[PDB]
Amino acid sequence: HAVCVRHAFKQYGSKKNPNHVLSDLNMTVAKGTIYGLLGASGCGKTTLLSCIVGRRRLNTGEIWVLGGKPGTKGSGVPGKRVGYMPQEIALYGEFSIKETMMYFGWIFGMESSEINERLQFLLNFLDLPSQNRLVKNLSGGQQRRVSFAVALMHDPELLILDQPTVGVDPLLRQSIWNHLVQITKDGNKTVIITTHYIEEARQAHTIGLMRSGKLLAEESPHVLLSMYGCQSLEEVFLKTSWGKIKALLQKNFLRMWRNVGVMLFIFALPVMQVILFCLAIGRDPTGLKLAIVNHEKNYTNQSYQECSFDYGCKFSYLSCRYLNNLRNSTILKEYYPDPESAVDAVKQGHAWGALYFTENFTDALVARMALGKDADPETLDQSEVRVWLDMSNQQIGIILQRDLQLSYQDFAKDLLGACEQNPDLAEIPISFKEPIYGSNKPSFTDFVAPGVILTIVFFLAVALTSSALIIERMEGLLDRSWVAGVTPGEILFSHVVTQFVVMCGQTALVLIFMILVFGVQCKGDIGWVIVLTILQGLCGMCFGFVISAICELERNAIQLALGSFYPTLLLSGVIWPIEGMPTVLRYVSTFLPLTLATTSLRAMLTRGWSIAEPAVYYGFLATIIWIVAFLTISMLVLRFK
Amino acid sequence: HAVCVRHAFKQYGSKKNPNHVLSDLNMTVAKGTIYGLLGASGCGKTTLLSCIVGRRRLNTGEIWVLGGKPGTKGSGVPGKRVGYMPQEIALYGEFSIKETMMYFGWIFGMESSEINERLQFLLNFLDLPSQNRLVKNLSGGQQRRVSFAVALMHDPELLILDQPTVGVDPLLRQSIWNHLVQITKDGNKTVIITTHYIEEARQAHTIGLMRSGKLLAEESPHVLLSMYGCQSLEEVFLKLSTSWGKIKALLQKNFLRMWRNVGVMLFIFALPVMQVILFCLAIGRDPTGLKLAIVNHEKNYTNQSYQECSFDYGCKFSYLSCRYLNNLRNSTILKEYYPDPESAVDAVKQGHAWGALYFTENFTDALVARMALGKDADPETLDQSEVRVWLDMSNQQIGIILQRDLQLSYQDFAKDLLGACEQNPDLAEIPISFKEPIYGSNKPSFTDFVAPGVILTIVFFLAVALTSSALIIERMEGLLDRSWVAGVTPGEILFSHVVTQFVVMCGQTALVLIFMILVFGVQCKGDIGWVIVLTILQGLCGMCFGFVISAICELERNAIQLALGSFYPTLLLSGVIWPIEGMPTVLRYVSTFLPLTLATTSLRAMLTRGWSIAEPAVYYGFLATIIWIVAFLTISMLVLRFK
Ligand SMILES: CCCCCCCCCCC(CCCCCCCCCC)(CO[C@@H]1O[C@H](CO)[C@@H](O[C@H]2O[C@H](CO)[C@@H](O)[C@H](O)[C@H]2O)[C@H](O)[C@H]1O)CO[C@@H]1O[C@H](CO)[C@@H](O[C@H]2O[C@H](CO)[C@@H](O)[C@H](O)[C@H]2O)[C@H](O)[C@H]1O
Ligand SMILES: CCCCCCCCCCC(CCCCCCCCCC)(CO[C@@H]1O[C@H](CO)[C@@H](O[C@H]2O[C@H](CO)[C@@H](O)[C@H](O)[C@H]2O)[C@H](O)[C@H]1O)CO[C@@H]1O[C@H](CO)[C@@H](O[C@H]2O[C@H](CO)[C@@H](O)[C@H](O)[C@H]2O)[C@H](O)[C@H]1O
Ligand SMILES: CC/C=C\C/C=C/C/C=C\C/C=C/C/C=C/CCCCOC[C@H](COP(=O)(O)OCCN)OC(=O)CCCCCCCCCCCCCCCCC
Ligand SMILES: CC/C=C\C/C=C\C/C=C/C/C=C/C/C=C\CCCCOC[C@H](COP(=O)(O)OCCN)OC(=O)CCCCCCCCCCCCCCCCC
Ligand SMILES: CCCCCCCC/C=C\CCCCCCCC(=O)N[C@@H](CO)[C@H](O)CCCCCCCCCCCCCCC
């Protein structure tokens with residue numbers, strides 16, 4: 001015998017209503033015969049064939065094919081001794097008709113010499129087009145012929161065909177059946193074929209009709225047809241492992257290269273957004289305008305005042321002397337005649353402030369500087385600059401305030417120096433010494449970059465892994481490759497290697513553009529930064545594993561990834577210090593995947609701390625624990641599935 | 001006559017790559033007959049049927065159905081009087097059988113009991129389960145009998161069936177053929193059925209063999225059998241050489257398809273609410289638990305949490321180093337005490353503090369003599385009268401807080417020293433006097449700056465996702481083309497989708513505005529009337545961008561890449577999380593032409609300043625959003641015409 005199904009049982013659904021399909025079978029197939037499995041719906045027999053090959057299991061009963069159990073020991077149905085054609089077209093669209101045969105030839109372990117001979121034979125037999133045409137460019141009928149060629153190409157000894165003749169010209173279906181009869185008659189082979197044209201399967205040596213959940217009858221066509229003296233069959237029915245890893249790796253690196261959309265999305269988007277972020281976010285505002293109502297000098301234009309004075313003693317004007325100390329980068333002076341037009345300009349939106357030096361500014365400032373603590377109230381109001389600022393914008397309102405006081409500090413120090421005096425006399429008692437861990441003029445982009453790097457690397461892996469594992473299982477490609485002999489260990493190993501290479505390339509590009517091209521500093525060790533980025537990428541890949549394990553449609557996976565991409569970015573302190581959140585939220589947010597990693601990377605970049613500091617290796621510990629947790633969850637989900 | 005095709009020519013692809021499907025075809029179907037159309041591929045027959053019903057055109061030919069050109073002036077093909085069942089299953093999975101039949105009964109214009117009678121007949125005839133069973137729960141073979149009942153329910157004069165008897169038992173095959181023959185017999189009922197089981201097609205009154213884009217034999221089957229001498233139908237094949245009633249039905253279906261999908265409700269209604277809550281709790285607030293290492297050598301040292309800082313509030317300036325620390329802000333600075341200046345700095349070099357203070361052992365003697373000597377202070381008293389602060393300035397937003405809190409606390413210290421001895425506190429003020437701000441307050445919030453940019457981005461990009469996905473999904477499964485044959489114009493399809501989306505972001509705008517303004521106290525100094533109008537106008541601009549993506553994309557997974565490929569660059573160029581003044585001179589000029597750059601600036605002016613529509617900075621965001629609505633419609637209309 002070849003297959004000895006006995007007392008088979010199966011049921012879909014749940015306890016509320018189990019879909020009772022394929023119950024209490026009795027099927028047997030002998031060597032050298034063309035079996036025929038006929039039915040009504042194209043899924044009561046697909047389940048049986050899937051159970052026979054080994055990609056599914058029966059609830060009760062015994063199953064026996066080609067020596068032993070379908071897929072553990074003795075039998076060879078998960079091996080190269082069975083040819084399988086899935087009901088759908090389980091083929092890759094980026095391959096030629098020659099590469100799509102060389103791939104399976106390497107998977108089945110055949111020498112490359114015989115593949116060409118069998119390729120020419122199958123091309124002659126099936127009159128397929130030129131062997132260099134891509135599969136995705138073929139029509140819907142030649143794909144089935146290519147799949148038939150792939151099924152026959154390795155010379156199996158038990159052919160299991162799932163509707164091979166549906167959209168085929170009858171002048172070719174006749175040849176197909178003749179070929180099956182030829183190879184089965186004398187060879188030590190067997191054929192199991194399911195068809196929808198009951199009358200077509202007249203050359204089968206045995207026909208088993210499937211009705212409800214069991215084989216209705218089992219007999220040769222002649223005896224079955226002559227039992228009732230029928231005229232038609234429809235009337236009766238109306239009563240080494242390294243060789244299989246290289247091929248997977250090559251196909252994985254080729255499928256990503258012939259799809260320009262994927263290459264763009266996962267290689268030119270990170271670079272573009274890194275460039276945009278470095279060019280736009282974090283820089284100091286420039287070009288801010290001011291309204292100057294300096295009444296100590298005559299008014300000529302709105303862009304000219306003739307601010308001239310003396311750089312020595314005698315303190316000529318001291319209102320042009322102060323304005324000379326204002327920074328020329330972030331402030332552009334504009335001149336107005338009276339203190340009402342200036343505030344009107346601020347109100348309408350033509351400026352950010354007003355100054356209004358009083359016409360008695362010098363004669364009162366040089367009196368305040370000399371009188372000291374015994375100064376009358378008159379020479380304390382006519383010796384001041386009155387600033388009406390626009391505080392609707394926080395960042396712009398901070399820079400203006402800071403630069404209107406640093407300029408006065410420089411003004412006072414210059415006054416003291418030009419008078420041959422100690423310049424420390426113009427200093428507040430609070431004395432800010434050299435910063436311990438930074439510079440006196442910090443930047444905001446150096447705070448956001450370690451946390452944009454990790455965000456990019458983490459969230460560009462979940463999508464790729466989820467899509468690659470969803471659009472491949474749902475198309476019947478993983479199941480087709482499994483029957484060829486590829487164990488699940490090799491598929492996972494190849495996928496991990498491919499994803500590792502992709503994330504290594506992404507990390508290289510992002511770190512080259514952030515640190516070398518632009519001015520983002522790195523005071524720590526670059527090797528540990530690379531290791532942390534790669535570990536975050538692996539954590540993202542494990543999250544993609546979980547997402548693809550619990551999801552079955554490619555549109556639900558994107559929703560699930562997007563629903564978790566926002567809160568983690570908003571809670572991990574990427575764009576604002578984590579010290580601002582409330583106490584309860586600050587404790588919850590440290591258990592998220594990206595919080596401690598971002599903190600440790602920021603410490604590495606902006607302080608230079610080694611690996612021994614707890615604030616540095618807590619990120620590594622958190623990332624490793626999250627990888628382990630994601631792997632455990634992914635394995636647990638696939639238990640009841 | 002019912003259908004007349006002459007000299008039909010049709011091909012796909014470009015000029016370089018020819019894909020001739022039909023070329024010099026001749027067809028003729030009488031009235032009261034079953035045609036039957038047998039082929040090989042499975043796509044030429046579908047193309048011929050699509051050309052007959054009107055959903056596809058002919059490159060060169062002449063088609064005459066039911067009176068005239070199919071869908072131009074006098075042929076009743078694009079509406080009722082025809083029954084079309086597509087090759088696929090164009091059915092809605094959220095509806096039961098009864099709702100599915102009632103929707104198509106209302107589309108055609110039948111009554112509420114003339115649908116129930118047909119339901120009662122067809123359920124018994126086709127052997128279907130109870131009418132209260134959802135379609136998605138039905139098996140793959142029971143979703144085809146439902147389509148057959150939908151096609152046969154309204155009793156048209158021309159049934160066009162595409163592979164009816166597939167995935168069905170032979171008994172039901174014979175029953176269906178018997179019913180077709182019965183309805184056709186002695187009447188004006190015409191059937192055109194493209195079956196694949198060749199031998200079953202002998203019951204027809206004509207046979208339509210197709211090969212190489214033409215028709216070899218177009219004749220009766222009893223003549224086909226006894227003209228070639230063959231006794232078969234397969235072996236002879238082997239011889240080589242009122243618009244308000246239709247908008248209402250579409251609007252009601254649209255809401256029940258979003259209400260019955262719980263995952264869709266959470267993504268478009270419960271996700272914006274969660275984003276708003278987490279933004280107001282995390283982003284913008286000032287740091288609070290900052291720690292400082294304090295070395296006060298004017299007092300005995302006991303603990304790392306206790307120093308016994310005491311002084312006299314009145315006068316005589318007892319200690320003045322505990323007096324200054326008394327003025328430090330208790331909310332955002334925590335005080336920890338260390339015994340040596342060198343031991344406190346080592347605390348900063350680890351993760352234990354943000355600064356050190358180190359008041360000298362003779363701070364009071366030097367400081368009092370410093371302010372009582374004026375400009376005659378010797379260098380020695382300028383050294384022991386100062387506070388030495390070593391800050392950790394790696395963080396920009398914390399170094400600013402610490403620097404400002406340590407100098408503000410000295411203004412209060414000085415203004416209380418003089419003032420407690422009968423002096424004017426104005427003597428302790430720098431000449432630069434900041435009067436009352438014209439706009440805002442002395443303590444602006446960063447979360448008030450980023451707030452306008454979060455409302456606009458949430459609404460804009462949640463309409464791109466909803467419009468693109470709904471239009472791509474319904475078009476690819478034949479649902480949109482099946483409704484067009486029933487008599488629903490493209491005007492009624494677009495009208496019902498615009499209205500369905502309008503109520504979607506009307507609900508979204510209410511929740512985003514309520515939580516941000518009413519609950520979390522984000523100020524709104526302007527008019528709330530114009531904030532709602534501008535926020536809604538951004539939703540329609542986003543929706544019109546959904547039309548563009550769905551017009552040029554066929555697979556859903558490609559739309560996400562296009563939507564996400566433009567969602568990231570805009571947020572970094574529209575000035576949402578940073579002032580637009582930080583950009584370079586050239587990138588700033590380009591950025592203002594993006595959809596959200598000028599609308600965010602306008603909304604920020606109405607919230608944080610109170611400007612009205614009459615200000616140029618406010619209506620420039622209304623005009624820049626009306627222009628992008630027109631541009632997005634022009635781009636999408638050009639693509640459909642050219643493809
Ligand atoms: C870790 C390593 C994993 C392995 C490598 C990973 C890639 C492997 C999967 C590749 C993949 C997923 C990509 C999703 C990942 C990123 C999503 C992230 C989502 C972000 C939220 C990319 O899919 C490709 O994307 C192309 C973009 O270039 C796109 O082409 C479009 O834009 C082009 C641009 O101009 C434009 O030219 C082109 O005309 C457009 O069509 C097509 O959809 C497709 O070719 C899917 O592969 C696709 O599978 C298709 C069958 O479904 C297969 O179909 C073909 O053949 C069928 C015959 O069986 C036949 O029946 C189909 O009709 C036929 O079409 C495609 O050939 C194959 O490629
Ligand atoms: C202003 C415009 C007005 C338009 C209003 C109408 C819009 C409604 C569109 C509905 C839609 C688009 C979703 C768009 C996402 C929007 C965000 C964009 C993406 C983010 C960038 C929702 O899509 C559905 O979302 C469901 C979420 O609940 C999901 O359910 C999943 O998660 C659940 C939760 O955990 C979980 O409980 C549940 O178990 C899961 O199954 C469904 O599987 C998924 O298909 C697609 O509709 C779906 O279409 C399916 C066939 O295509 C159709 O399948 C049925 O039909 C066929 C036989 O009849 C046949 O195919 C199927 O055999 C049959 O089943 C579904 O019935 C129908 O629903
Ligand atoms: C927020 C608004 C901002 C700007 C608004 C607008 C500007 C213009 C207004 C309209 C113009 C354009 C909209 C976009 C269109 C463009 C038209 C053509 C695309 C037609 O797309 C066909 C198929 C899908 O085709 P398919 O599904 O197979 O259907 C068969 C049809 N042939 O796309 C795909 O696969 C692509 C999948 C994602 C591809 C990239 C994703 C992310 C990009 C990142 C790269 C950025 C770096 C730049 C690269 C240069 C450096 C080397
Ligand atoms: C950086 C982030 C990293 C980590 C974050 C944190 C912790 C990780 C622990 C992670 C473990 C799991 C999460 C998955 C959970 C659970 C399973 C569920 C779906 C399983 O799936 C079913 C199908 C798909 O099922 P289907 O495709 O039909 O296949 C048939 C199978 N039945 O999903 C769908 O429709 C869902 C489509 C999008 C639904 C929501 C999208 C956005 C959420 C926003 C709402 C937030 C507010 C909450 C609402 C409460 C207040 C009213
Ligand atoms: C239109 C397509 C989106 C469809 C759904 C849209 C629905 C509403 C959108 C946002 C809701 C508003 C909630 C936050 C959005 C705006 C408000 C804000 O505060 N935005 C900031 C933080 O979110 C801003 O984004 C900071 C970016 C800096 C880091 C950049 C790294 C980017 C990773 C690139 C690769 C990861 C790929 C992951 C999956 C590939």
# chains A, B, ... in the order shown; residues from 1 in each chain; ligands from 1
>>> residues_near_ligand(ligand="ligand 4", cutoff="10 Å", atoms="only C-alpha atoms and all ligand atoms", output="mmCIF file with N, CA and C atoms, in the first residue's frame")
data_model
loop_
_atom_site.group_PDB
_atom_site.id
_atom_site.type_symbol
_atom_site.label_atom_id
_atom_site.label_comp_id
_atom_site.auth_asym_id
_atom_site.auth_seq_id
_atom_site.Cartn_x
_atom_site.Cartn_y
_atom_site.Cartn_z
ATOM 1 N N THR A 455 14.319 54.692 18.029
ATOM 2 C CA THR A 455 12.962 54.629 17.497
ATOM 3 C C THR A 455 12.960 54.134 16.056
ATOM 4 N N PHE A 458 14.088 50.382 15.923
ATOM 5 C CA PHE A 458 13.111 49.486 16.526
ATOM 6 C C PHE A 458 11.869 49.353 15.659
ATOM 7 N N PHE A 459 11.356 50.467 15.134
ATOM 8 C CA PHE A 459 10.075 50.431 14.447
ATOM 9 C C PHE A 459 10.189 50.162 12.955
ATOM 10 N N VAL A 462 9.752 45.800 13.100
ATOM 11 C CA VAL A 462 8.462 45.174 13.375
ATOM 12 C C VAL A 462 7.650 45.053 12.095
ATOM 13 N N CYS A 539 15.054 43.229 19.509
ATOM 14 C CA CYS A 539 13.814 43.325 20.278
ATOM 15 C C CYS A 539 12.636 43.683 19.377
ATOM 16 N N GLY A 540 12.846 44.612 18.444
ATOM 17 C CA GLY A 540 11.794 44.934 17.493
ATOM 18 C C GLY A 540 11.413 43.751 16.625
ATOM 19 N N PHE A 543 9.208 41.509 18.642
ATOM 20 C CA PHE A 543 7.855 42.055 18.676
ATOM 21 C C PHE A 543 7.122 41.776 17.370
ATOM 22 N N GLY A 544 7.827 41.872 16.244
ATOM 23 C CA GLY A 544 7.226 41.493 14.974
ATOM 24 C C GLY A 544 6.837 40.028 14.930
ATOM 25 N N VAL A 546 5.815 38.298 17.513
ATOM 26 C CA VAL A 546 4.569 38.206 18.278
ATOM 27 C C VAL A 546 3.393 38.704 17.443
ATOM 28 N N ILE A 547 3.575 39.849 16.779
ATOM 29 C CA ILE A 547 2.497 40.451 15.994
ATOM 30 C C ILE A 547 2.052 39.503 14.889
ATOM 31 N N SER A 548 3.010 38.917 14.170
ATOM 32 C CA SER A 548 2.667 37.995 13.097
ATOM 33 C C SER A 548 2.129 36.675 13.621
ATOM 34 N N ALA A 549 2.448 36.312 14.864
ATOM 35 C CA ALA A 549 1.904 35.085 15.430
ATOM 36 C C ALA A 549 0.441 35.242 15.817
ATOM 37 N N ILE A 550 0.056 36.402 16.362
ATOM 38 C CA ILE A 550 -1.326 36.581 16.808
ATOM 39 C C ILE A 550 -2.230 37.197 15.745
ATOM 40 N N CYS A 551 -1.687 37.613 14.604
ATOM 41 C CA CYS A 551 -2.478 38.214 13.539
ATOM 42 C C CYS A 551 -2.462 37.325 12.304
ATOM 43 N N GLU A 552 -3.508 37.461 11.491
ATOM 44 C CA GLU A 552 -3.657 36.670 10.275
ATOM 45 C C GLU A 552 -3.898 37.496 9.022
ATOM 46 N N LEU A 553 -4.230 38.776 9.143
ATOM 47 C CA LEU A 553 -4.429 39.656 8.001
ATOM 48 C C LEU A 553 -3.408 40.782 8.043
ATOM 49 N N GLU A 554 -2.931 41.183 6.865
ATOM 50 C CA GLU A 554 -1.901 42.207 6.776
ATOM 51 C C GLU A 554 -2.405 43.594 7.146
ATOM 52 N N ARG A 555 -3.720 43.800 7.216
ATOM 53 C CA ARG A 555 -4.260 45.095 7.609
ATOM 54 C C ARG A 555 -4.512 45.203 9.106
ATOM 55 N N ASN A 556 -4.655 44.079 9.808
ATOM 56 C CA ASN A 556 -4.734 44.120 11.262
ATOM 57 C C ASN A 556 -3.366 44.312 11.900
ATOM 58 N N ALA A 557 -2.315 43.773 11.280
ATOM 59 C CA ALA A 557 -0.975 43.901 11.841
ATOM 60 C C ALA A 557 -0.519 45.351 11.855
ATOM 61 N N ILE A 558 -0.836 46.106 10.803
ATOM 62 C CA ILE A 558 -0.427 47.506 10.766
ATOM 63 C C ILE A 558 -1.183 48.308 11.816
ATOM 64 N N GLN A 559 -2.463 47.995 12.029
ATOM 65 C CA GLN A 559 -3.210 48.649 13.097
ATOM 66 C C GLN A 559 -2.609 48.330 14.457
ATOM 67 N N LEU A 560 -2.243 47.066 14.681
ATOM 68 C CA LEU A 560 -1.675 46.675 15.968
ATOM 69 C C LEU A 560 -0.326 47.342 16.209
ATOM 70 N N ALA A 561 0.498 47.459 15.168
ATOM 71 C CA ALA A 561 1.788 48.123 15.320
ATOM 72 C C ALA A 561 1.621 49.622 15.542
ATOM 73 N N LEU A 562 0.686 50.254 14.827
ATOM 74 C CA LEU A 562 0.482 51.690 14.983
ATOM 75 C C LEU A 562 -0.119 52.024 16.342
ATOM 76 N N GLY A 563 -0.997 51.161 16.859
ATOM 77 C CA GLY A 563 -1.604 51.412 18.152
ATOM 78 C C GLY A 563 -0.630 51.362 19.308
ATOM 79 N N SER A 564 0.531 50.739 19.115
ATOM 80 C CA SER A 564 1.569 50.694 20.131
ATOM 81 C C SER A 564 2.782 51.545 19.792
ATOM 82 N N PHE A 565 2.889 52.048 18.560
ATOM 83 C CA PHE A 565 4.002 52.928 18.222
ATOM 84 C C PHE A 565 3.868 54.297 18.879
ATOM 85 N N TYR A 566 2.636 54.801 19.039
ATOM 86 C CA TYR A 566 2.467 56.150 19.582
ATOM 87 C C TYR A 566 2.722 56.210 21.084
ATOM 88 N N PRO A 567 2.020 55.447 21.934
ATOM 89 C CA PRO A 567 2.215 55.620 23.384
ATOM 90 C C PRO A 567 3.630 55.343 23.860
ATOM 91 N N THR A 568 4.334 54.383 23.260
ATOM 92 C CA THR A 568 5.707 54.126 23.677
ATOM 93 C C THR A 568 6.610 55.311 23.361
ATOM 94 N N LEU A 569 6.406 55.951 22.209
ATOM 95 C CA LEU A 569 7.184 57.141 21.887
ATOM 96 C C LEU A 569 6.816 58.296 22.811
ATOM 97 N N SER A 572 8.328 57.329 26.658
ATOM 98 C CA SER A 572 9.706 56.917 26.882
ATOM 99 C C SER A 572 10.670 58.089 27.012
ATOM 100 N N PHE A 591 9.190 50.653 32.674
ATOM 101 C CA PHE A 591 9.072 49.258 32.280
ATOM 102 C C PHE A 591 8.824 49.092 30.787
ATOM 103 N N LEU A 592 8.652 50.189 30.057
ATOM 104 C CA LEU A 592 8.435 50.131 28.624
ATOM 105 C C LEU A 592 9.732 49.754 27.910
ATOM 106 N N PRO A 593 9.636 49.201 26.697
ATOM 107 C CA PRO A 593 10.845 48.691 26.025
ATOM 108 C C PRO A 593 11.914 49.738 25.753
ATOM 109 N N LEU A 594 11.534 50.988 25.496
ATOM 110 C CA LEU A 594 12.441 51.979 24.930
ATOM 111 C C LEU A 594 12.899 53.037 25.924
ATOM 112 N N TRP A 626 13.318 42.121 27.745
ATOM 113 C CA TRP A 626 12.193 42.282 26.830
ATOM 114 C C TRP A 626 12.280 41.308 25.663
ATOM 115 N N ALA A 629 11.065 38.029 27.058
ATOM 116 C CA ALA A 629 9.620 38.060 27.263
ATOM 117 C C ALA A 629 8.866 37.952 25.944
ATOM 118 N N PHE A 630 9.330 38.660 24.911
ATOM 119 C CA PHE A 630 8.668 38.594 23.615
ATOM 120 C C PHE A 630 8.763 37.196 23.018
ATOM 121 N N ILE A 633 6.262 34.976 24.935
ATOM 122 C CA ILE A 633 4.879 35.240 24.546
ATOM 123 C C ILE A 633 4.597 34.665 23.164
ATOM 124 N N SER A 634 5.533 34.838 22.227
ATOM 125 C CA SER A 634 5.339 34.301 20.885
ATOM 126 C C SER A 634 5.214 32.784 20.910
ATOM 127 N N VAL A 637 1.707 31.839 22.438
ATOM 128 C CA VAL A 637 0.566 32.073 21.555
ATOM 129 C C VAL A 637 0.403 30.919 20.576
ATOM 130 N N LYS A 641 -2.798 27.164 18.818
ATOM 131 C CA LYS A 641 -2.976 27.581 17.433
ATOM 132 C C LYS A 641 -2.552 26.470 16.477
ATOM 133 N N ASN B 261 -17.879 46.703 13.327
ATOM 134 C CA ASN B 261 -16.468 46.324 13.345
ATOM 135 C C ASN B 261 -15.827 47.022 14.539
ATOM 136 N N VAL B 262 -15.665 46.279 15.635
ATOM 137 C CA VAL B 262 -15.190 46.869 16.883
ATOM 138 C C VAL B 262 -13.757 47.366 16.737
ATOM 139 N N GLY B 263 -12.929 46.641 15.985
ATOM 140 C CA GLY B 263 -11.555 47.068 15.789
ATOM 141 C C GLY B 263 -11.435 48.415 15.108
ATOM 142 N N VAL B 264 -12.355 48.724 14.191
ATOM 143 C CA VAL B 264 -12.329 50.021 13.522
ATOM 144 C C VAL B 264 -12.717 51.132 14.489
ATOM 145 N N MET B 265 -13.697 50.876 15.357
ATOM 146 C CA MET B 265 -14.133 51.896 16.305
ATOM 147 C C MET B 265 -13.017 52.274 17.269
ATOM 148 N N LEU B 266 -12.259 51.287 17.750
ATOM 149 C CA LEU B 266 -11.178 51.573 18.688
ATOM 150 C C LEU B 266 -10.058 52.363 18.027
ATOM 151 N N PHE B 267 -9.779 52.090 16.753
ATOM 152 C CA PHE B 267 -8.639 52.725 16.101
ATOM 153 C C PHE B 267 -8.906 54.185 15.764
ATOM 154 N N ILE B 268 -10.139 54.532 15.399
ATOM 155 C CA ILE B 268 -10.451 55.886 14.952
ATOM 156 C C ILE B 268 -11.142 56.724 16.015
ATOM 157 N N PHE B 269 -11.604 56.127 17.109
ATOM 158 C CA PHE B 269 -12.297 56.876 18.149
ATOM 159 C C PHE B 269 -11.671 56.752 19.527
ATOM 160 N N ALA B 270 -11.115 55.594 19.880
ATOM 161 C CA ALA B 270 -10.502 55.408 21.188
ATOM 162 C C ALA B 270 -8.999 55.635 21.192
ATOM 163 N N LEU B 271 -8.363 55.667 20.028
ATOM 164 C CA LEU B 271 -6.935 55.945 19.930
ATOM 165 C C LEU B 271 -6.644 57.442 20.004
ATOM 166 N N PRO B 272 -7.392 58.312 19.309
ATOM 167 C CA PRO B 272 -7.163 59.754 19.498
ATOM 168 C C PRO B 272 -7.366 60.222 20.925
ATOM 169 N N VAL B 273 -8.297 59.614 21.662
ATOM 170 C CA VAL B 273 -8.527 60.015 23.046
ATOM 171 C C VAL B 273 -7.327 59.658 23.914
ATOM 172 N N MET B 274 -6.747 58.475 23.702
ATOM 173 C CA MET B 274 -5.597 58.059 24.498
ATOM 174 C C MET B 274 -4.364 58.893 24.173
ATOM 175 N N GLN B 275 -4.190 59.270 22.906
ATOM 176 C CA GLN B 275 -3.056 60.107 22.528
ATOM 177 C C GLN B 275 -3.136 61.479 23.182
#
>>> residues_near_ligand(ligand="ligand 1", cutoff="8 Å", atoms="only C-alpha atoms and all ligand atoms", output="MDAnalysis selection string")
(chainID A and resid 89:94 135:137 140 143 252:256 258:262 265:266 463:469 471:472 475 495:496 498:499 502 558) or (chainID B and resid 554:555 557:558 560:561 564)
>>> closest_atom_pairs(of="chain B", to="ligand 3", cutoff="9 Å", atoms="only C-alpha atoms and all ligand atoms", output="tab-separated table")
residue	atom	partner	partner_atom_place_in_ligand_line	distance
B:460	CA	ligand 3	1 (C)	8.8
B:461	CA	ligand 3	1 (C)	8.2
B:542	CA	ligand 3	1 (C)	8.2
B:545	CA	ligand 3	2 (C)	7.4
B:548	CA	ligand 3	10 (C)	6.9
B:549	CA	ligand 3	13 (C)	6.8
B:551	CA	ligand 3	31 (C)	8.9
B:552	CA	ligand 3	31 (C)	5.8
B:553	CA	ligand 3	27 (O)	4.2
B:554	CA	ligand 3	29 (O)	4.1
B:555	CA	ligand 3	27 (O)	4.5
B:556	CA	ligand 3	27 (O)	7.3
B:557	CA	ligand 3	27 (O)	7.7
B:558	CA	ligand 3	35 (O)	4.9
B:559	CA	ligand 3	37 (C)	7.1
B:560	CA	ligand 3	38 (C)	7.9
B:561	CA	ligand 3	38 (C)	4.5
B:562	CA	ligand 3	38 (C)	5.0
B:563	CA	ligand 3	1 (C)	7.5
B:564	CA	ligand 3	42 (C)	6.9
B:565	CA	ligand 3	42 (C)	3.9
B:566	CA	ligand 3	1 (C)	4.7
B:567	CA	ligand 3	1 (C)	5.5
B:568	CA	ligand 3	1 (C)	8.5
B:569	CA	ligand 3	3 (C)	8.0
B:570	CA	ligand 3	1 (C)	6.1
B:594	CA	ligand 3	3 (C)	6.6
B:595	CA	ligand 3	2 (C)	6.4
B:596	CA	ligand 3	1 (C)	8.2
B:631	CA	ligand 3	9 (C)	8.1
B:632	CA	ligand 3	9 (C)	6.7
B:635	CA	ligand 3	10 (C)	6.7
B:636	CA	ligand 3	10 (C)	8.3
